[PDB]
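Read the structure below first, then the notes.
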Amino acid sequence: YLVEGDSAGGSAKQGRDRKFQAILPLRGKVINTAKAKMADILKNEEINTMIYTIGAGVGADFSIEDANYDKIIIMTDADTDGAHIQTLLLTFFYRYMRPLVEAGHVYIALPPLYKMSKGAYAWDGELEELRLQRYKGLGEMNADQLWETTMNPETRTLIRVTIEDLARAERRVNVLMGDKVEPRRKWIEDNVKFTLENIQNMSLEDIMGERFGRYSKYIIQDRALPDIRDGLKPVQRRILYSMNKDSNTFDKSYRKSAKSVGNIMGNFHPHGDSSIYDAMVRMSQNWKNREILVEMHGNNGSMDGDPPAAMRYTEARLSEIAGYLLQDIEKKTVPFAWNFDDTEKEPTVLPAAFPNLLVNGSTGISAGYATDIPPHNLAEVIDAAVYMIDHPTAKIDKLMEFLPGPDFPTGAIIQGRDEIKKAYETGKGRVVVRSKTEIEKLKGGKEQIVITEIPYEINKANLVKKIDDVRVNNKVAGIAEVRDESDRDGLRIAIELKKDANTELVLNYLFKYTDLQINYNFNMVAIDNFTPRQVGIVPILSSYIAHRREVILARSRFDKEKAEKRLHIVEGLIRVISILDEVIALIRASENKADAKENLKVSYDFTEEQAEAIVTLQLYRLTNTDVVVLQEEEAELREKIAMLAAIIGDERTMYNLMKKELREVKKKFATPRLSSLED
Amino acid sequence: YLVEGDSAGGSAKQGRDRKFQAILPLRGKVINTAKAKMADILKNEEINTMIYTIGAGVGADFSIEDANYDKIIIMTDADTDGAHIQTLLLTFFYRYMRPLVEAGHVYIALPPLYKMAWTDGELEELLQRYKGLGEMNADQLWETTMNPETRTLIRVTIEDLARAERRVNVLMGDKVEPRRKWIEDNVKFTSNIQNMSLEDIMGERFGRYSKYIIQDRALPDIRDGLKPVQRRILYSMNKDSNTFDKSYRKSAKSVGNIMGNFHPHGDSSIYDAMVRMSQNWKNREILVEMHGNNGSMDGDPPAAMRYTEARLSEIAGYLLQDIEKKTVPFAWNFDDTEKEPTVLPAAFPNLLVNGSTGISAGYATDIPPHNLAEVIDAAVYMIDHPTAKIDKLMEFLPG
Amino acid sequence: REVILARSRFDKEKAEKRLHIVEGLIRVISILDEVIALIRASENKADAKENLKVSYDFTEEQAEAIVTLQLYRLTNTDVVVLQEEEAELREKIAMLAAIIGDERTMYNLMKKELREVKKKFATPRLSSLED
DNA sequence: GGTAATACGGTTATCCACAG
DNA sequence: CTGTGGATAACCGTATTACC
Ligand SMILES: [Mg+2]
Ligand SMILES: [Mg+2]
């Protein structure tokens, strides 16, 4: 039994029949033995101990008859990453112990993902025909459960891999697991449906099919790529939503991170506290995000790349603009959905009162797709969205009057306008990004280059170091000293030169051969209707706009319905201030809460709503009985209800609402450019 | 600047003036240079890194003139484990680099523990608690502790050599008895550069560590039988209504709660405690029911906290009986955000039933488990026989 | 001991605040028709309570209790029922004060609850003893 | 030379795309 | 061959008492 990690190894070792069943635990994900050379492939711990533990040799030196076991069962967890491993491993026994695979000795264990409580297991159709707990991994199952449901011969089911049409198998392991992304992506497009989908043999091709498809789809939709609307990946949305639900906002205390992480992993995000804290930290670093979404107290990283305080230390809390990412989430504005567990519902997208995806950016490594979208200036983005609200048909050159190019939080200089255009047109382009520098004439007569902004996502330490590395290797002459002078109130790298040293030469060699100047490649993929799309500035801005339409609309309906309800109650309270002594003597007349409501409804034609309201009143209320205040309430109610009705009804009314709010956000948060542009 | 690990090393590194200040991160507790073989003290990685960084040579080969720095500043987190590291480092300097401590070159840094304040006498005269330097932002660190203008630094000196070799060798010595004596004696359980003798620094510091590690960690309370971590676990679990009669709950949530609301320490320690509390070959009457992998008598590691769910057991219910009905002393927590009980109602005698074990400083504890029945027998007998002698009691509590 | 005591002091104090409130409630049913009317023109909640006190010798506990009664509860006017509650409360307050005053009733309870726990949870011996 | 249990620290290898 | 960021999985140094 091949098992991932030692915690699953525990459940296995304890559930197993110890006479004829072994367990080999595996640290992590297994090496892709179709993507790396036989060099690394043979120098790999897991691989090696796997060859050993099976004892029959790899490659052409493999003997089916020297094999220590009859069956080689891959029992990974039931989840996505489980499936991906079933893949990687299946593509190692195909590429290196093929006779094992061909002879029908590699099987795949089918443990369950869920379980019921009445107070019945779950492999979607018998969980309905028999009348929850999602298993993170094996180690969440108790040993007897593992045994009776998956490890026991008399009871278990097993999928039995067999190579049926050899050549086709070869083709498939090649598309899916090989080095060239292209055919893998075509395969996904052609096969994966992003909307919405004892012993028993399946072919290598089919098994590899389902498992990779499952991995691919989940990892595209639900991990790596952002939503084209709110611009967030699942983990970031879940962080914002859970923190906000817990009242941890900008206007209150800070709060110890590891509580937050514990909750986020308790309620929304079934993965390591590692990934969660990591994401939460990144959201707090003003040199990674252009507009930060989380404020953190304490060591939260730095441009040198030093580790943030481990999560036991650092206080955190939502920023202010994040609130604007979640405004009106309470007014039924956005699609919710059950979490992994079914304890709670969670949002699938946020209202997003500002256009995040273009402002903060996204990056970006999925499977078959990968995204890279630079940040922009909140002002400029809003300006374009607002022009496009009045001008659906707008062309790129025009919009670029408002959206000239990216605005990195790390400043610098961006060269390449035709390519910024190319990328806003198509989603893909290449641009150059160059550091800010002054030249500094020092005492004596020696010049000194002072770098003061560096390229986006460049490690400052690494850089300074790779420059001193140019010095001591005399890759060019000039550099007398290289010294990081950065501090509390600035970023300053002083490259001091010798007397007589071509400063222009040194500078150019530096831009050429170090990361003082790099390329940014746009690759703007986002999830737009459940499938990945490569998009220019237009489907992004459009998508945004229509989102805000839907949000505003559902909001206006929620408020209007609320309003109506209230109006319909006051309409009762007034017409019961009239027949008061009668209604009191009637509730006193009645017998028990239901007879009182039924009687309030029979004897004076109140509704359920109005009945419950009146009967559920308090005695101290009866003191104040002024119908003029109620009438003012009723009136205001009516005017509101009307303007709501107007927003829901009239289109241009709603688009102006959109623009007013947007211009309000812009006014509040507008910050000046940091990245200068050059053509 | 000697700092305790890379988390605090961050803030150190940032908030520092780079022209003259250096930062050496140490990875944990420093080795005790009194208790260890010279084989070990030789091989110890951090020891070597310090002996090179200070660049002067150890002990007998120590040349004061070759000191790369005028001041060697000790900056540990403000809490107790802090003071204990201060202690270990200090004895190392006393031992294998004496004339540095003799010249007054070894200074101790003074970070604040809380805010709105040092100590606990001046804070009461007025609220976050810095559980390690890594949740202090760099500006704060500079202003409060690293700025040669603003800061305050304890300035360690050997003021009477004879009266020093004793204290170090007693508080750090291999032999326990003299330490225990010292503790029983001195520990009561209930300014730009200030100078202080080694005797008094090592004194007050080891006093702090010892007192905390005895009172609030390693030894159990003679009434509910719990060490504090176990107590916050049962209390918090029960507050969230994570009880025996209601569907297990991802431990990894419970632990975040415990760390943020009650137990300001590393997840590791907390989850490990909760799990041991679920293992029925360690506990005679388990207090936590846990679901999934939670170890074996072979010791295979429990599933990590991401995996297993848990709830209180039924009988833990009784350990918590009537807690709501103002039946037990509460106190504020590390935050001053919430109240936690200081001892539980204990509707059975847990200290004898599940036992305890058992390592602090000067004291260790080993009390083996017993039968819940038999202990309850003896308890009832004693209730009607205040003066009961051991031999009669053993007719109920054989062993 | 300390626990059983303080627990008992808690249970008593609660039973008593209740008792007090129910006696109040009974009296309110007696003079019931003008309670309403006195509130009905009494400026506000505050002056409603003030007017209940400075006119009917009510207590603030009974006052806030009355004036914030739900309207649908003016259905239930059953006096004998509230009187039965009054009975049970009195018996409880008795027992509890007994525990607090008789340092022998208390210890007997202690024994009671301890043996209760024994029947609920006792399991057999496991490590055998040899000398 | 070993382990006991509650504390203090930190670290590494994998997949995925896409760049020079 | 390196780094990007959201995922998988492990790993081990130190203190403290105590006893062969
Ligand atoms: Mg370059
Ligand atoms: Mg690169």
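Following the order of the structure tokens, chains are lettered A, B, ..., residues in each are numbered from 1, and ligands are numbered from 1.
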message: Give me, as a ChimeraX atom specification, all polymer residues having an atom no more than 10 Å from residue 225 in chain B, counting only C-alpha atoms (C1' of nucleotides) and skipping those fewer than 3 positions away in the same chain.
response: /B:219-222,228,230-231,343-344,346,349-356
Residue subset to file, keeping N, CA and C atoms, as a PDB file, in the first residue's frame:
ATOM      1  N   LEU B 219       3.737  21.431  36.332  1.00  0.00           N
ATOM      2  CA  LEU B 219       3.160  20.747  37.478  1.00  0.00           C
ATOM      3  C   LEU B 219       1.671  20.998  37.444  1.00  0.00           C
ATOM      4  N   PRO B 220       0.872  20.002  37.851  1.00  0.00           N
ATOM      5  CA  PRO B 220      -0.599  20.026  37.944  1.00  0.00           C
ATOM      6  C   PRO B 220      -1.139  20.651  39.227  1.00  0.00           C
ATOM      7  N   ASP B 221      -2.381  21.120  39.180  1.00  0.00           N
ATOM      8  CA  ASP B 221      -3.045  21.688  40.350  1.00  0.00           C
ATOM      9  C   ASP B 221      -3.697  20.584  41.189  1.00  0.00           C
ATOM     10  N   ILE B 222      -3.357  20.537  42.469  1.00  0.00           N
ATOM     11  CA  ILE B 222      -3.721  19.432  43.347  1.00  0.00           C
ATOM     12  C   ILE B 222      -5.243  19.229  43.488  1.00  0.00           C
ATOM     13  N   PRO B 228      -1.961  23.776  33.196  1.00  0.00           N
ATOM     14  CA  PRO B 228      -2.784  24.841  32.617  1.00  0.00           C
ATOM     15  C   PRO B 228      -3.190  24.595  31.165  1.00  0.00           C
ATOM     16  N   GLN B 230      -3.785  21.860  29.444  1.00  0.00           N
ATOM     17  CA  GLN B 230      -4.940  20.969  29.494  1.00  0.00           C
ATOM     18  C   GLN B 230      -6.223  21.675  29.967  1.00  0.00           C
ATOM     19  N   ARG B 231      -6.094  22.527  30.978  1.00  0.00           N
ATOM     20  CA  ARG B 231      -7.252  23.251  31.488  1.00  0.00           C
ATOM     21  C   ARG B 231      -7.873  24.179  30.429  1.00  0.00           C
ATOM     22  N   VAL B 343      -9.060  26.961  37.828  1.00  0.00           N
ATOM     23  CA  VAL B 343      -9.175  25.617  38.420  1.00  0.00           C
ATOM     24  C   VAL B 343     -10.590  25.144  38.106  1.00  0.00           C
ATOM     25  N   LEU B 344     -10.819  23.858  37.877  1.00  0.00           N
ATOM     26  CA  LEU B 344     -12.168  23.432  37.526  1.00  0.00           C
ATOM     27  C   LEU B 344     -12.904  22.761  38.690  1.00  0.00           C
ATOM     28  N   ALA B 346     -14.302  19.890  39.021  1.00  0.00           N
ATOM     29  CA  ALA B 346     -13.755  18.556  39.272  1.00  0.00           C
ATOM     30  C   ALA B 346     -14.701  17.593  40.007  1.00  0.00           C
ATOM     31  N   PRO B 349     -12.001  13.028  41.245  1.00  0.00           N
ATOM     32  CA  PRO B 349     -10.620  13.429  41.586  1.00  0.00           C
ATOM     33  C   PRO B 349      -9.593  13.074  40.511  1.00  0.00           C
ATOM     34  N   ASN B 350      -9.376  14.011  39.596  1.00  0.00           N
ATOM     35  CA  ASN B 350      -8.672  13.749  38.343  1.00  0.00           C
ATOM     36  C   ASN B 350      -7.183  13.470  38.532  1.00  0.00           C
ATOM     37  N   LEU B 351      -6.586  14.155  39.512  1.00  0.00           N
ATOM     38  CA  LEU B 351      -5.151  14.088  39.773  1.00  0.00           C
ATOM     39  C   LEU B 351      -4.736  12.664  40.080  1.00  0.00           C
ATOM     40  N   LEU B 352      -5.566  11.936  40.814  1.00  0.00           N
ATOM     41  CA  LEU B 352      -5.260  10.535  41.052  1.00  0.00           C
ATOM     42  C   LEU B 352      -5.707   9.602  39.922  1.00  0.00           C
ATOM     43  N   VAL B 353      -6.834   9.913  39.293  1.00  0.00           N
ATOM     44  CA  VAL B 353      -7.376   9.012  38.284  1.00  0.00           C
ATOM     45  C   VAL B 353      -6.511   8.946  37.032  1.00  0.00           C
ATOM     46  N   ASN B 354      -6.183  10.101  36.471  1.00  0.00           N
ATOM     47  CA  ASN B 354      -5.405  10.134  35.245  1.00  0.00           C
ATOM     48  C   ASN B 354      -3.923  10.386  35.493  1.00  0.00           C
ATOM     49  N   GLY B 355      -3.567  10.784  36.710  1.00  0.00           N
ATOM     50  CA  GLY B 355      -2.172  11.019  37.051  1.00  0.00           C
ATOM     51  C   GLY B 355      -1.556  12.237  36.388  1.00  0.00           C
ATOM     52  N   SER B 356      -0.255  12.437  36.583  1.00  0.00           N
ATOM     53  CA  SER B 356       0.452  13.556  35.965  1.00  0.00           C
ATOM     54  C   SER B 356       1.940  13.283  35.869  1.00  0.00           C
TER      55      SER B 356
END
- request: Write down, as JSON, numbers by chain, each residue of chain A that has any atom within 8 Å of an atom of chain B, counting only C-alpha atoms.
  value: {"A": [6, 7, 8, 10, 11, 14, 135, 136, 137, 138, 139, 140, 141, 142, 143, 256, 258, 259, 260, 261, 262, 263, 265, 266, 270, 271, 272, 273, 297, 298, 299, 301, 306, 307, 308, 309, 310, 312, 313, 314, 315, 485, 487, 488]}
How would the residues just picked look written out with C-alpha atoms as a PDB file, in the first residue's frame?
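Result file is part-v1.pdb:
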ATOM      1  CA  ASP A   6       3.133   9.459   7.601  1.00  0.00           C
ATOM      2  CA  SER A   7      -0.149  10.547   9.127  1.00  0.00           C
ATOM      3  CA  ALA A   8      -1.993   8.446   6.526  1.00  0.00           C
ATOM      4  CA  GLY A  10      -0.645   5.663  10.651  1.00  0.00           C
ATOM      5  CA  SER A  11      -4.235   4.891   9.778  1.00  0.00           C
ATOM      6  CA  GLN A  14      -3.285   0.271  12.121  1.00  0.00           C
ATOM      7  CA  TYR A 135     -12.267  13.386   4.602  1.00  0.00           C
ATOM      8  CA  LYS A 136      -9.204  15.636   4.233  1.00  0.00           C
ATOM      9  CA  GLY A 137      -7.103  12.540   4.001  1.00  0.00           C
ATOM     10  CA  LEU A 138      -6.746   9.033   5.280  1.00  0.00           C
ATOM     11  CA  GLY A 139      -5.503  10.129   8.700  1.00  0.00           C
ATOM     12  CA  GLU A 140      -8.910  11.562   9.503  1.00  0.00           C
ATOM     13  CA  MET A 141     -10.430   8.088   9.229  1.00  0.00           C
ATOM     14  CA  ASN A 142     -10.244   5.621  12.141  1.00  0.00           C
ATOM     15  CA  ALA A 143      -8.470   2.327  11.436  1.00  0.00           C
ATOM     16  CA  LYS A 256      -3.777  37.421  16.561  1.00  0.00           C
ATOM     17  CA  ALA A 258      -3.376  32.137  14.177  1.00  0.00           C
ATOM     18  CA  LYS A 259      -6.923  32.421  15.525  1.00  0.00           C
ATOM     19  CA  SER A 260      -7.962  33.817  12.136  1.00  0.00           C
ATOM     20  CA  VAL A 261      -6.100  31.070  10.299  1.00  0.00           C
ATOM     21  CA  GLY A 262      -7.614  28.420  12.564  1.00  0.00           C
ATOM     22  CA  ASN A 263     -11.103  29.696  11.743  1.00  0.00           C
ATOM     23  CA  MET A 265      -9.337  26.465   8.000  1.00  0.00           C
ATOM     24  CA  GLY A 266     -12.151  25.466  10.323  1.00  0.00           C
ATOM     25  CA  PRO A 270      -9.691  22.718   3.893  1.00  0.00           C
ATOM     26  CA  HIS A 271      -5.922  23.030   3.379  1.00  0.00           C
ATOM     27  CA  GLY A 272      -2.794  23.758   5.356  1.00  0.00           C
ATOM     28  CA  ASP A 273      -2.596  26.692   7.775  1.00  0.00           C
ATOM     29  CA  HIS A 297       1.072  44.231  12.998  1.00  0.00           C
ATOM     30  CA  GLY A 298       4.637  43.051  13.460  1.00  0.00           C
ATOM     31  CA  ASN A 299       7.215  41.410  11.246  1.00  0.00           C
ATOM     32  CA  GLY A 301       8.137  40.460   5.590  1.00  0.00           C
ATOM     33  CA  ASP A 306      12.975  37.901   5.031  1.00  0.00           C
ATOM     34  CA  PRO A 307      10.349  35.602   6.575  1.00  0.00           C
ATOM     35  CA  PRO A 308       7.249  37.146   8.215  1.00  0.00           C
ATOM     36  CA  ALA A 309       6.725  36.433  11.903  1.00  0.00           C
ATOM     37  CA  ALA A 310       5.369  32.904  12.290  1.00  0.00           C
ATOM     38  CA  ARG A 312       1.656  32.950  16.582  1.00  0.00           C
ATOM     39  CA  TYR A 313       3.045  36.502  16.720  1.00  0.00           C
ATOM     40  CA  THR A 314       1.409  38.880  14.241  1.00  0.00           C
ATOM     41  CA  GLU A 315      -1.827  40.786  14.776  1.00  0.00           C
ATOM     42  CA  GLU A 485      21.515  52.077   2.472  1.00  0.00           C
ATOM     43  CA  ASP A 487      15.966  52.260   5.917  1.00  0.00           C
ATOM     44  CA  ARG A 488      12.762  53.315   7.670  1.00  0.00           C
TER      45      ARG A 488
END
message: Give me the residues near range 14-19 of chain E as a ChimeraX atom specification, where near means some atom within 10 Å (using only C-alpha atoms (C1' of nucleotides)) and where sequence neighbours in that chain fewer than 5 positions away do not count.
response: /B:27-32,44,81,84-85,88,175-176,210,213,218,358-365 /D:4,7-9
For the selection just defined, write its residues with N, CA and C atoms (P, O5', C5', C4', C3', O3' and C1' of nucleotides) to a file, as an mmCIF file, in the first residue's frame.
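Once written, result_27.cif looks like this:
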data_model
loop_
_atom_site.group_PDB
_atom_site.id
_atom_site.type_symbol
_atom_site.label_atom_id
_atom_site.label_comp_id
_atom_site.auth_asym_id
_atom_site.auth_seq_id
_atom_site.Cartn_x
_atom_site.Cartn_y
_atom_site.Cartn_z
ATOM 1 N N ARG B 27 18.883 29.938 16.977
ATOM 2 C CA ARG B 27 17.749 29.068 16.677
ATOM 3 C C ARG B 27 17.240 28.234 17.860
ATOM 4 N N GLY B 28 16.760 28.907 18.898
ATOM 5 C CA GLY B 28 16.009 28.221 19.932
ATOM 6 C C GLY B 28 16.407 28.661 21.305
ATOM 7 N N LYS B 29 16.481 27.703 22.216
ATOM 8 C CA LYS B 29 17.222 27.900 23.448
ATOM 9 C C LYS B 29 18.696 27.547 23.227
ATOM 10 N N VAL B 30 19.556 28.438 23.683
ATOM 11 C CA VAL B 30 20.979 28.181 23.732
ATOM 12 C C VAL B 30 21.263 26.959 24.612
ATOM 13 N N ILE B 31 22.255 26.165 24.231
ATOM 14 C CA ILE B 31 22.709 25.036 25.042
ATOM 15 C C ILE B 31 23.202 25.477 26.438
ATOM 16 N N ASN B 32 22.950 24.661 27.457
ATOM 17 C CA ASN B 32 23.484 24.963 28.783
ATOM 18 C C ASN B 32 24.938 24.537 28.874
ATOM 19 N N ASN B 44 28.243 22.295 19.186
ATOM 20 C CA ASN B 44 27.007 23.068 19.062
ATOM 21 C C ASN B 44 27.055 24.207 18.051
ATOM 22 N N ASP B 81 10.436 32.630 28.869
ATOM 23 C CA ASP B 81 11.373 31.853 28.062
ATOM 24 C C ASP B 81 12.491 32.764 27.553
ATOM 25 N N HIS B 84 14.919 33.096 30.447
ATOM 26 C CA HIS B 84 15.657 31.848 30.547
ATOM 27 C C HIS B 84 16.799 31.810 29.539
ATOM 28 N N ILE B 85 16.528 32.210 28.289
ATOM 29 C CA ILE B 85 17.626 32.336 27.317
ATOM 30 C C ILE B 85 18.689 33.326 27.784
ATOM 31 N N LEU B 88 20.840 31.367 29.974
ATOM 32 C CA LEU B 88 21.768 30.446 29.322
ATOM 33 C C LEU B 88 22.966 31.133 28.607
ATOM 34 N N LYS B 175 23.765 19.384 39.327
ATOM 35 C CA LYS B 175 23.109 18.856 40.518
ATOM 36 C C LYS B 175 21.856 19.654 40.922
ATOM 37 N N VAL B 176 20.741 18.952 41.126
ATOM 38 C CA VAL B 176 19.440 19.593 41.351
ATOM 39 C C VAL B 176 19.234 20.168 42.749
ATOM 40 N N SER B 210 12.078 29.931 36.566
ATOM 41 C CA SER B 210 11.708 28.915 37.553
ATOM 42 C C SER B 210 10.275 29.101 38.055
ATOM 43 N N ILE B 213 7.630 28.371 35.321
ATOM 44 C CA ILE B 213 7.666 27.016 34.798
ATOM 45 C C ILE B 213 7.138 26.035 35.839
ATOM 46 N N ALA B 218 4.203 22.958 34.045
ATOM 47 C CA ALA B 218 4.694 21.590 34.114
ATOM 48 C C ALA B 218 4.077 20.777 35.225
ATOM 49 N N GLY B 358 5.384 15.707 33.725
ATOM 50 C CA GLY B 358 6.064 15.931 34.980
ATOM 51 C C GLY B 358 7.501 16.444 34.988
ATOM 52 N N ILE B 359 7.842 17.489 34.228
ATOM 53 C CA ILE B 359 9.197 18.073 34.338
ATOM 54 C C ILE B 359 9.251 19.604 34.298
ATOM 55 N N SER B 360 9.697 20.231 35.384
ATOM 56 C CA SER B 360 9.872 21.680 35.388
ATOM 57 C C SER B 360 11.307 22.043 35.725
ATOM 58 N N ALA B 361 11.506 22.806 36.790
ATOM 59 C CA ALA B 361 12.846 23.242 37.171
ATOM 60 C C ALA B 361 13.025 23.229 38.689
ATOM 61 N N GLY B 362 13.699 22.196 39.189
ATOM 62 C CA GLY B 362 13.874 21.979 40.616
ATOM 63 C C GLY B 362 12.899 20.925 41.110
ATOM 64 N N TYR B 363 11.803 20.805 40.382
ATOM 65 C CA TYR B 363 10.793 19.835 40.714
ATOM 66 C C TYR B 363 10.407 19.098 39.464
ATOM 67 N N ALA B 364 10.170 17.803 39.603
ATOM 68 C CA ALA B 364 9.558 17.031 38.542
ATOM 69 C C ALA B 364 8.400 16.347 39.213
ATOM 70 N N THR B 365 7.439 15.855 38.438
ATOM 71 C CA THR B 365 6.335 15.098 39.028
ATOM 72 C C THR B 365 5.980 13.811 38.286
ATOM 73 P P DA D 4 8.894 8.481 24.825
ATOM 74 O "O5'" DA D 4 8.177 9.204 26.061
ATOM 75 C "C5'" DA D 4 7.890 8.516 27.274
ATOM 76 C "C4'" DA D 4 7.917 9.477 28.457
ATOM 77 C "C3'" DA D 4 7.320 10.871 28.246
ATOM 78 O "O3'" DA D 4 5.953 10.925 28.659
ATOM 79 C "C1'" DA D 4 9.408 10.949 29.517
ATOM 80 P P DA D 7 2.533 24.320 27.663
ATOM 81 O "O5'" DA D 7 3.742 25.286 27.306
ATOM 82 C "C5'" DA D 7 4.382 25.275 26.036
ATOM 83 C "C4'" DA D 7 5.824 25.701 26.230
ATOM 84 C "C3'" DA D 7 6.543 26.295 25.028
ATOM 85 O "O3'" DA D 7 6.265 27.669 24.859
ATOM 86 C "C1'" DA D 7 7.935 24.735 26.118
ATOM 87 P P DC D 8 6.314 28.324 23.398
ATOM 88 O "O5'" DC D 8 7.876 28.475 23.108
ATOM 89 C "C5'" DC D 8 8.715 29.155 24.035
ATOM 90 C "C4'" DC D 8 10.125 29.323 23.482
ATOM 91 C "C3'" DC D 8 10.236 29.439 21.968
ATOM 92 O "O3'" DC D 8 9.953 30.778 21.508
ATOM 93 C "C1'" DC D 8 11.765 27.827 22.741
ATOM 94 P P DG D 9 9.674 31.059 19.946
ATOM 95 O "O5'" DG D 9 11.106 30.848 19.281
ATOM 96 C "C5'" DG D 9 11.216 30.488 17.930
ATOM 97 C "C4'" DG D 9 12.647 30.089 17.617
ATOM 98 C "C3'" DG D 9 12.765 29.486 16.238
ATOM 99 O "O3'" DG D 9 13.102 30.505 15.359
ATOM 100 C "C1'" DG D 9 13.524 27.938 17.745
#
Please identify every residue of chain A that has at least one atom no farther than 7 Å from an atom of ligand 1, counting only C-alpha atoms and all ligand atoms, and for each give the shortest atom pair and the distance in Å to one decimal, arranged by chain then increasing number, as a Markdown table.
| residue | atom | partner | partner_atom_place_in_ligand_line | distance |
| --- | --- | --- | --- | --- |
| A:511 | CA | ligand 1 | 1 (Mg) | 5.1 |
| A:512 | CA | ligand 1 | 1 (Mg) | 4.6 |
| A:513 | CA | ligand 1 | 1 (Mg) | 5.4 |
| A:514 | CA | ligand 1 | 1 (Mg) | 5.0 |
| A:515 | CA | ligand 1 | 1 (Mg) | 4.7 |
| A:516 | CA | ligand 1 | 1 (Mg) | 6.1 |
| A:517 | CA | ligand 1 | 1 (Mg) | 4.2 |
| A:518 | CA | ligand 1 | 1 (Mg) | 4.3 |
query: Using only C-alpha atoms (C1' of nucleotides) and all ligand atoms, which protein or nucleic acid residues are at most 9 Å from ligand 2, as a list in words?
result: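 Result of the 9 Å neighbour search around ligand 2: residues 458, 515 and 518 of chain A; 19 and 20 of chain D; 2, 3 and 4 of chain E.
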List every residue of chain B that has an atom at most 7 Å from any atom of chain C, giving for each one its closest atom pair and the distance in Å to one decimal, counting only C-alpha atoms, sorted by chain and then by ascending residue number, as JSON lines.
{"residue": "B:325", "atom": "CA", "partner": "C:7", "partner_atom": "CA", "distance": 5.8}
{"residue": "B:326", "atom": "CA", "partner": "C:7", "partner_atom": "CA", "distance": 6.6}
{"residue": "B:327", "atom": "CA", "partner": "C:3", "partner_atom": "CA", "distance": 5.3}
{"residue": "B:328", "atom": "CA", "partner": "C:3", "partner_atom": "CA", "distance": 7.0}
{"residue": "B:345", "atom": "CA", "partner": "C:3", "partner_atom": "CA", "distance": 6.3}
{"residue": "B:348", "atom": "CA", "partner": "C:114", "partner_atom": "CA", "distance": 6.9}
{"residue": "B:371", "atom": "CA", "partner": "C:125", "partner_atom": "CA", "distance": 6.5}
{"residue": "B:372", "atom": "CA", "partner": "C:122", "partner_atom": "CA", "distance": 5.9}
{"residue": "B:373", "atom": "CA", "partner": "C:122", "partner_atom": "CA", "distance": 5.1}
{"residue": "B:376", "atom": "CA", "partner": "C:114", "partner_atom": "CA", "distance": 6.6}
{"residue": "B:380", "atom": "CA", "partner": "C:111", "partner_atom": "CA", "distance": 5.8}
message: Using only C-alpha atoms (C1' of nucleotides) and a distance of at most 8 Å, pull out the residues of chain E that contact chain A, as a PyMOL selection string.
response: chain E and resi 4-10
query: Nearest to chain C: which of A:198, A:631, A:410, A:618 is it, counting only C-alpha atoms?
result: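 Nearest candidate to chain C out of A:198, A:631, A:410, A:618: A:618.
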query: Taking only C-alpha atoms (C1' of nucleotides) into account, which of D:1, D:11, D:6, D:18 comes nearest chain A?
result: D:18
message: Please compute the CA of residue 162 in chain B-CA of residue 196 in chain B distance, one decimal, in Å.
response: 16.1 Å
If we count only C-alpha atoms (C1' of nucleotides), what is near range 36-51 of chain C at a cut-off of 8 Å, once residues fewer than 6 positions away on the same chain are taken out, given as a short mmCIF file (atom, residue, chain, number, x, y, z; two decimals) with N, CA and C atoms, in the first residue's frame?
data_model
loop_
_atom_site.label_atom_id
_atom_site.label_comp_id
_atom_site.auth_asym_id
_atom_site.auth_seq_id
_atom_site.Cartn_x
_atom_site.Cartn_y
_atom_site.Cartn_z
N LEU A 619 -45.39 45.92 26.75
CA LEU A 619 -46.25 46.83 27.47
C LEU A 619 -45.71 48.26 27.52
N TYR A 620 -44.40 48.44 27.65
CA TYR A 620 -43.86 49.79 27.72
C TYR A 620 -44.08 50.56 26.42
N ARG A 621 -44.31 49.82 25.33
CA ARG A 621 -44.57 50.42 24.03
C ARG A 621 -45.84 51.23 24.03
N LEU A 622 -46.85 50.71 24.72
CA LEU A 622 -48.18 51.30 24.69
C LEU A 622 -48.20 52.76 25.16
N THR A 623 -47.17 53.18 25.90
CA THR A 623 -47.04 54.56 26.36
C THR A 623 -47.01 55.56 25.21
N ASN A 624 -45.99 55.42 24.36
CA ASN A 624 -45.89 56.22 23.14
C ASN A 624 -46.85 55.71 22.07
N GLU C 60 -38.11 47.27 41.69
CA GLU C 60 -37.57 47.51 40.34
C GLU C 60 -37.45 46.23 39.52
N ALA C 63 -40.73 45.44 38.45
CA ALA C 63 -41.10 46.53 37.55
C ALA C 63 -40.63 46.31 36.11
N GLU C 64 -39.32 46.21 35.94
CA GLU C 64 -38.77 45.90 34.63
C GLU C 64 -39.36 44.59 34.11
N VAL C 67 -43.30 45.69 32.98
CA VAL C 67 -43.41 46.66 31.89
C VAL C 67 -42.81 46.19 30.56
#
